[PDB]
Student: 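This is the structure, below, for whatever I ask next.
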Amino acid sequence: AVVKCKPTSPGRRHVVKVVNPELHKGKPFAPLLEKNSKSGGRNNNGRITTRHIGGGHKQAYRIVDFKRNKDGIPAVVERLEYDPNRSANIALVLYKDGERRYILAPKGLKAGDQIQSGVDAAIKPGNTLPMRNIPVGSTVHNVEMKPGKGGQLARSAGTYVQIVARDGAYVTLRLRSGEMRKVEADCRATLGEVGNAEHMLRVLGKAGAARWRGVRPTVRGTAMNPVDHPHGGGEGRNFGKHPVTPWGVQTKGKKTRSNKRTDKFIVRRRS
Amino acid sequence: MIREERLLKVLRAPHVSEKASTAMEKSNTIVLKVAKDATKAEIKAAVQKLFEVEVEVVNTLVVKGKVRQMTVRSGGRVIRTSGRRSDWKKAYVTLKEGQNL
Amino acid sequence: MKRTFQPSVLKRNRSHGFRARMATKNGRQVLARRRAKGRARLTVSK
RNA sequence: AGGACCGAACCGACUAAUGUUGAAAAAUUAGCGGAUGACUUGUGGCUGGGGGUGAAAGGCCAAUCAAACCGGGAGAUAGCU
RNA sequence: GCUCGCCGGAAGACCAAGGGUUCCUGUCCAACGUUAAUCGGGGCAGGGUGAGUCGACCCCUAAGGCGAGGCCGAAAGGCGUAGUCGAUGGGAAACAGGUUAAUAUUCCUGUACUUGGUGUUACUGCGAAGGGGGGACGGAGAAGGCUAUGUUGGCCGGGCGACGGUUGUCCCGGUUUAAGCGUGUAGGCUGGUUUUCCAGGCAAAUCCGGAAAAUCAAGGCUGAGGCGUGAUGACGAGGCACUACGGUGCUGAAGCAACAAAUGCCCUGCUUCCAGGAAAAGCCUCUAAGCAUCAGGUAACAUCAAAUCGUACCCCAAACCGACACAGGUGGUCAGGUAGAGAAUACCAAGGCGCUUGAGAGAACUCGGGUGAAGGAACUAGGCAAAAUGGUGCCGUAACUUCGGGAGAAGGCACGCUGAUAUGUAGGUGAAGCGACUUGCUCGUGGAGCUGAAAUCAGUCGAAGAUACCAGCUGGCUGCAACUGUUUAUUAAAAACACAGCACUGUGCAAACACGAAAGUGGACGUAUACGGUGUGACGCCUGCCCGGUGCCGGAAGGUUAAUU
């Protein structure tokens with residue numbers, strides 16, 4: 001649940017933790033780990049391409065089965081556990097031919113639950129089916145956009161999409177942003193919403209809590225010099241200009257999507 | 001089977017230097033200068049065949065050459081020149097019970 | 001206090017050595033210029 | 001337990017005096033701040049000049065920075081001295 | 001040489017980096033050395049660095065680099081796959097004594113250990129660029145068991161005091177001993193052993209994973225320390241032939257126990273937390289192709305090989321970085337005594353130094369200090385500077401508050417030494433003895449011996465008992481910024497920047513956006529509870545009206561309007 005820390009010092013006064021007592025406290029399952037070295041926001045040219053990234057705690061990448069292609073094999077949830085790479089929790093499951101895998105943990109899942117993939121699977125959370133086999137109106141997560149590619153929508157902590165209509169070879173989903181998307185019905189989705197829904201409620205409390213998540217400080221543009229950012233100088237606090245990015249593009253309203261290749265699939269833009 | 005010519009090239013000179021005389025008279029080891037590219041097996045074989053002694057073990061070190069400087073009267077002027085002595089290799093050869101020189 | 005030259009042989013060779021010069025055409029041009037001048041020590045590789 | 005407390009190593013640099021052809025091209029002495037952390041440090045590595053990096057000061061990029069250094073255009077031009 | 005002084009968590013010792021002979025010896029004093037110089041890190045000559053086990057090389061990989069083909073790009077070239085390099089990390093084994101003027105885990109003495117080759121014998125299923133184990137990993141905290149180490153006693157050797165006393169519960173010194181081999185205990189982890197089966201480990205496995213059944217949990221891994229051996233050896237205070245008395249040389253006693261102990265080891269443990277904590281090889285194991293009374297594997301024994309390069313010296317400094325023999329800078333290791341909480345501080349040990357111009361004098365003035373009558377901020381821009389406070393225990397402590405704070409609030413009192421309680425107490429440790437046992441690295445009991453606070457009563461000295469060093473000034477009202485943090489290396493540390501929080505806005509994933517004439521990369525092996533930009537800046541109560549202007553968003557009937565024809 002969410003717990004408020006007692007104010008025994010500033011920096012503890014405002015921190016709200018979300019503690020999950022059923023998360024497995026122990027080492028992760030080794031055969032599905034690999035190193036995941038940090039980047040600092042730098043690309044192969046060595047330049048900062050994304051600002052405000054660096055430092056943080058060392059973390060290993062857990063190979064999560066986003067495809068769910070083991071069809072007709074029942075699996076039992078061995079244990080839930082923490083993943084540093086995701087806002088959601090993962091579940092280590094045991095396909096009873098003897099193979100372990102990591103899946104995203106839906107809301108109600110717990111150790112001992114049975115999950116299954118395929119077209120003949122039952123309609124209960126954790127089961128993965130093609131979207132043509134899933135009743136219209138149901139909430140799903142970890143949705144494929146291209147058949148056989150793996151889930152890409154609704155993978156965050158408490159997200160899900162709604163199947164609002166089925167039009168022949170395509171389904172219409174209400175994405176979490178409020179956007180109506182059209183996706184072919186042969187893609188797969190997992191029933192239920194993602195688990196760690198109390199994720200938003202955490203309050204970091206102090207600057208260091210963000211620093212050890214890998215986030216470097218953000219200098220306001222208006223605090224810079226005119227050579228550094230279009231929000232230039234002026235003695236005192238002077239703005240007198242339309243807010244823009246560090247590279248001059250007007251922020252605070254201007255649209256930036258430009259993709260004619262895929263915009264035939266967007267039956268409605270988000271609100 | 002190191003060939004004869006190799007052996008005839010490796011042993012350059014006996015090194016007389018007090019520490020060498022004491023080594024000879026105390027530990028029964030002779031001290032001698034060897035080709036800088038000589039290996040312990042080469043020195044062993046060369047000493048055994050060319051001095052007709054039986055050797056136990058060889059220790060080797062490389063002496064780095066000092067810098068000496070002096071003058072040269074080339075061109076009538078005595079120009080002060082400096083240069084490095086040549087590095088050489090020193091071998092401590094432990095004979096078993098024989099004696100050669 | 002602390003000064004700008006903090007020696008290290010490995011970094012010296014990796015930054016200005018012979019093979020570092022020969023790696024790119026620009027370093028090879030440096031070497032050609034130094035040969036043309038008649039430099040006794042071509043690189044830091046001493 | 002803690003970007004908790006007092007306080008050495010360690011990391012800083014608030015005040016004063018000295019020094020100012022210095023012991024030193026930024027230090028010394030007496031005090032001063034942090035000292036389990038957004039800490040500090042060793043060895044490697046990466047980012048290159050209208051570029052980098054910047055908890056932002058036009059700061060730092062080899063005692064050099066509102067555009068480094070070296071060579072070249074080059075004997076730039078100088079109604080000025 | 002004898003005194004004196006200074007350091008002593010260093011100004012001692014050993015290294016890495018860096019330097020490159022500065023190391024040792026003999027000579028010389030021009031120049032160098034801030035003076036003289038017989039001296040020197042100076043000149044000149046000679047000598048000095050010894051490894052199967054230390055390090056490099058080497059096997060393996062991180063960040064990253066290069067990169068066959070490849071994909072891009074006027075050219076140069078960019079990126080990158082297979083691969084190949086790249087330690088600051090992982091892979092194998094030596095200890096103690098002695099010795100040189102200068103080297104030592106390298107030489108010598110004694111005792112070891114590791115890996116590989118080749119043979120002989122015996123018994124045998126062997127075989128991978130493939131599979132699985134393992135290597136293999138965070139922060140903090142808390143014990144407990146130990147050891148390094150120290151103190152005291154015992155023992156051994158020496159002593160009997162330049163001045164009162166000193167044959168005693170007197171004085172000085174020493175009481176050291178390793179790797180290896182054997183044993184396997186304080187602790188830690190884990191149920192084990194068979195049989196059958198299989199949609200997993202790209203194939204296949206007799207290995208790993210999974211499912212059943214039976215039967216015993218009584219097994220196994222790991223593991224400091226102790227003990228034994230190593231060792232009738234070595235070392236050993238000190239004596240004695242010898243002797244340039246430098247010093248060589250020969251003998252050589254005791255060589256035990258208790259107690260207190262680490263920040264070191266058990267411990268890569270255990271508990272706990274969230275921020276969720278390298279890789280690959282060596283190593284163990286399973287088989288595929290393949291081989292077939294071969295080859296290979298395991299064991300014992302024998303034999304051989306372990307190359308090459310470094311090794312001197314300085315290394316918080318006069319050898320490195322600062323033009324200097326420069327008051328600066330420089331990572332790791334070691335960590336003795338008495339007080340002390342302590343690696344602070346004071347005095348010392350081991351060890352090392354007195355800082356390469358000195359000799360007088362005892363003016364002003366300057367620098368660094370000490371003390372001052374009476375006053376006590378009158379000084380000054382300003383209590384700047386100085387003075388002052390300063391410890392432990394107990395008592396006591398306000399407004400305000402986000403209930404944590406404020407708070408060491410403020411303010412008090414008791415501190416030395418001696419004796420009793422108690423010839424040393426509570427506590428800690430714990431021998432002998434007797435008992436057990438699943439029988440010694442055993443348990444229970446027992447209390448010798450050792451160590452040992454704190455308190456109370458009584459007395460006692462001084463002006464003063466946290467006596468030195470060390471070591472908070474305190475309170476009241478306000479501006480600003482919530483706070484810890486960051487910044488103008490070298491005149492600005494702030495109210496500036498950041499910040500957690502808040503809002504707006506973009507972004508549906510080949511995401512927006514950024515670096516790139518491109519390929520590509522970052523964002524992210526993330527996917528709207530996510531990511532980017534912008535403003536504001538904990539928290540509390542709140543955030544009113546204006547869309548005319550400028551931007552942005554949406555719309556398209558009409559006016560105007562490019563190339564083109």
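Order of the sequence lines fixes the chain letters, A, B, ..., with proteins taken first and strands second; residue numbering starts at 1 for each chain. These values consider heavy atoms only, across backbone and side chains, with no hydrogens, waters or symmetry-generated copies.
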Student: Between E:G404, E:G277, E:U49, which one does the side chain of A:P84 approach most closely?
Tutor: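 Of all the options, the side chain of A:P84 is nearest to E:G277.
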
Student: I'd like to know whether A:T128 forms a side chain to side chain donor-acceptor pair (under 3.5 Å) with A:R68, so could you lay out the CA-CA distance, the side-chain angles of the two residues, the decisive distance to 0.1 Å, and finally the verdict.
Tutor: CA-CA 7 Å; A:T128 322; A:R68 319 273 326 260; 2.8 Å; yes

Student: With heavy atoms under 4.0 Å as the rule, sort A:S258 into base, sugar-phosphate or nothing.
Tutor: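 The residue A:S258 makes no contact with any strand.
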
Student: Is A:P31 touching bases, backbone alone, or none of the nucleic acid, heavy atoms closer than 4.0 Å?
Tutor: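 A:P31: backbone/sugar contact only, no base atoms under 4.0 Å.
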
Student: Over all strands shown, is A:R261 touching base, sugar-phosphate only, or nothing at heavy-atom distances under 4.0 angstrom?
Tutor: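 The answer is base, as A:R261 lies within the cut-off (heavy atoms under 4.0 Å) of a base atom.
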
Student: Which residue, A:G46 or A:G11, contacts RNA chain D at a nucleotide closer to its 5' end, judged by nearest heavy atom?
Tutor: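 Whichever sits nearer the 5' end wins; that is A:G11.
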
Student: Side chain of B:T39 only, please: which of E:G276, E:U308, D:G54 is the nearest?
Tutor: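 The answer is E:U308, which lies nearest to the side chain.
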
Student: Categorize A:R257 for me: base, sugar-phosphate, or nothing, with a 4.0 angstrom heavy-atom threshold over every strand shown.
Tutor: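 Sugar-phosphate: the residue A:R257, judged by heavy atoms under 4.0 Å, touches backbone atoms but no base.
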
Student: For A:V19, which contact category applies under a 4.0 Å heavy-atom criterion: base, sugar-phosphate, or nothing?
Tutor: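 The answer is sugar-phosphate, as A:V19 gets under 4.0 Å only of primed atoms, P, OP1 or OP2.
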
Student: What does C:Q6 touch in the nucleic acid at a heavy-atom separation under 4.0 angstrom: a base, only the sugar-phosphate, or nothing?
Tutor: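 Answer is sugar-phosphate: C:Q6 comes under 4.0 Å of backbone atoms only.
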
Student: What is the nucleic acid contact for A:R86, judged by heavy atoms within less than 4.0 Å: base, sugar-phosphate only, or nothing?
Tutor: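 Contact class for A:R86: sugar-phosphate only.
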
Student: Which is true for A:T262 with a 4.0 Å heavy-atom rule: it touches a base, it touches only sugar-phosphate, or it touches nothing?
Tutor: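 Sugar-phosphate: the residue A:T262, judged by heavy atoms under 4.0 Å, touches backbone atoms but no base.
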
Student: Counting distance alone, no hydrogens or angles: does the base of E:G277 have a donor or acceptor under 3.5 Å from a partner atom on the side chain of A:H57?
Tutor: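 Answer is yes: a donor-acceptor pair is held.
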
Student: Look at the side chain of A:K206 and decide which nucleotide, out of E:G276, D:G3, E:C320, has an atom nearest to it.
Tutor: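 Per side-chain heavy atoms of A:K206, the pick is D:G3.
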
Student: Does C:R3 reach a base, just sugar-phosphate, or nothing at all? Heavy atoms under 4.0 Å.
Tutor: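 Touches a base.
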
Student: In whole angstrom, what separates A:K255's NZ from E:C504's P?
Tutor: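 The answer, rounded to whole Å, is 17 Å.
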
Student: For E:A122, decide between syn and anti, treating a glycosidic angle within 90° of 0 as syn.
Tutor: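 For E:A122, whose glycosidic angle is more than 90° from 0, the conformation is anti.
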
Student: Please table the atom pairs, donor to acceptor, closer than 3.5 Å between any side-chain atom in residues 210-219 of chain A and protein atoms at least two apart or in another chain.
Tutor:
unit_1, atom_1, unit_2, atom_2, d
A:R211, NE, A:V215, O, 3.3
A:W212, NE1, A:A209, O, 3.4
A:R213, NE, A:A209, O, 3.4

Student: Once Watson-Crick and G-U wobble pairs under 3.5 Å are found, how is RNA chain D written in dot-bracket notation, 5' to 3', with | for any base paired to another strand?
Tutor: ..|......(((.(((((........))))))))..............(.(((.....)))...)................

Student: Report the nucleotide, chosen from E:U507, D:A56, E:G18, that has the shortest atom-to-atom distance to any side-chain atom of A:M224.
Tutor: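 Selected nucleotide (nearest to the side chain): D:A56.
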
Student: I'd like to know if the side chain of A:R270 reaches the main chain of A:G178, judged simply by a donor and an acceptor atom lying under 3.5 Å from each other, with no hydrogens or angles considered.
Tutor: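 Not at all, since once roles are kept as given, no pair shorter than 3.5 Å links the two residues.
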
Student: Name all residues meeting the salt bridge (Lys or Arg N to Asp or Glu O under 4.0 Å) criterion together with B:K49; count only those two or more places apart in sequence or in a different chain, and write none if there are none.
Tutor: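 B:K49 satisfies salt bridge (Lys or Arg N to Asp or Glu O under 4.0 Å) with B:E4 only.
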
Student: Kindly compute the distance separating CG (A:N89) from NE2 (A:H199), expressed to the nearest 0.5 Å.
Tutor: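 With rounding to 0.5 Å, CG (A:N89) is 10.0 Å from NE2 (A:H199).
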
Student: For C:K2 and A:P226, take the nucleotide of RNA chain D holding the closest heavy atom to each; which residue's nucleotide lies nearer the 5' end?
Tutor: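 Looking at RNA chain D, the more 5' nearest nucleotide goes with C:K2.
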
Student: The side chain of C:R14 lies closest to which of these nucleotides: E:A62, D:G44, E:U21?
Tutor: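 Comparing E:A62, D:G44, E:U21 against the side chain of C:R14, the answer is D:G44.
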
Student: Please evaluate the base of E:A510 for a donor-acceptor partner in the side chain of A:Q152 within a cut-off of under 3.5 Å?
Tutor: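 It does not, because no donor-acceptor pair links the side chain of A:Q152 to the base of E:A510 below 3.5 Å.
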
Student: Report yes or no: do E:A305 and E:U115 constitute a Watson-Crick or wobble pair with both atom distances shorter than 3.5 Å?
Tutor: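 They are paired, because both relevant distances stay under 3.5 Å.
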
Student: Looking at paired bases, is it the major or the minor groove that the side chain of A:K252 comes within 5.0 Å of?
Tutor: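 Side-chain heavy atoms of A:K252 come within reach of the minor groove, under 5.0 Å from its base N or O atoms.
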
Student: With a non-hydrogen cut-off below 4.0 angstrom, is A:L204 in contact with a base, only sugar-phosphate, or nothing?
Tutor: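 Sugar-phosphate contact only.
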
Student: Look at the side chain of B:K19 against the base of E:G50 and say whether a donor-acceptor pair falls under 3.5 Å; ignore hydrogens and angles.
Tutor: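 Pair found.
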
Student: At under 4.0 Å between heavy atoms, how does the protein contact nucleotides 513-523 of chain E? Give one character per nucleotide, 5' to 3', with B, S or -.
Tutor: SBBS---BBBS

Student: Across the strands shown, which category fits C:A23 at heavy-atom distances under 4.0 angstrom: base, sugar-phosphate, nothing?
Tutor: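 Since no nucleic acid heavy atom lies under 4.0 Å of C:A23, the category is nothing.
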
Student: Which nucleotide sits closest to the side chain of C:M1: E:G138, E:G328, E:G404?
Tutor: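 The listed nucleotide nearest to C:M1's side chain is E:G328.
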
Student: When you measure from the side chain of C:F5, which nucleotide among D:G42, E:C321, E:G277 comes out closest?
Tutor: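 It is E:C321.
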
Student: Can you sort out which residues in residues 69-76 of chain A have a heavy atom within less than 4.0 Å of RNA chain E? Ascending by number, please.
Tutor: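 Per residue number, the list reads A:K70, A:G72, A:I73, A:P74.
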
Student: Give a yes or no on whether E:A335 and E:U543 pair, Watson-Crick or G-U wobble, both distances under 3.5 Å.
Tutor: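 Donor-acceptor distances not both below 3.5 Å, so no.
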
Student: So, using salt bridge (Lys or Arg N to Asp or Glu O under 4.0 Å) as the criterion, who are the partners of A:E81 when residues are at least two apart?
Tutor: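 In terms of salt bridge (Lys or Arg N to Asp or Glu O under 4.0 Å), with neighbours along the sequence ignored, A:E81 is linked to A:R79.
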
Student: Which listed nucleotide (E:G47, E:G501, E:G50) is nearest to the side chain of B:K66?
Tutor: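 In terms of side-chain proximity for B:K66, the closest of E:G47, E:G501, E:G50 is E:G47.
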
Student: E:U529, D:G44, E:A528: which one has an atom nearest the side-chain heavy atoms of A:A197?
Tutor: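 That would be E:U529.
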
Student: With positive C1'-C2'-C3'-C4' meaning north and negative meaning south, how does E:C316 come out?
Tutor: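 South pucker for E:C316.
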
Student: From C-beta outward on A:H231, which listed nucleotide comes closest to its side chain: E:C509, E:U534, E:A498?
Tutor: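 Nearest listed nucleotide: E:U534.
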
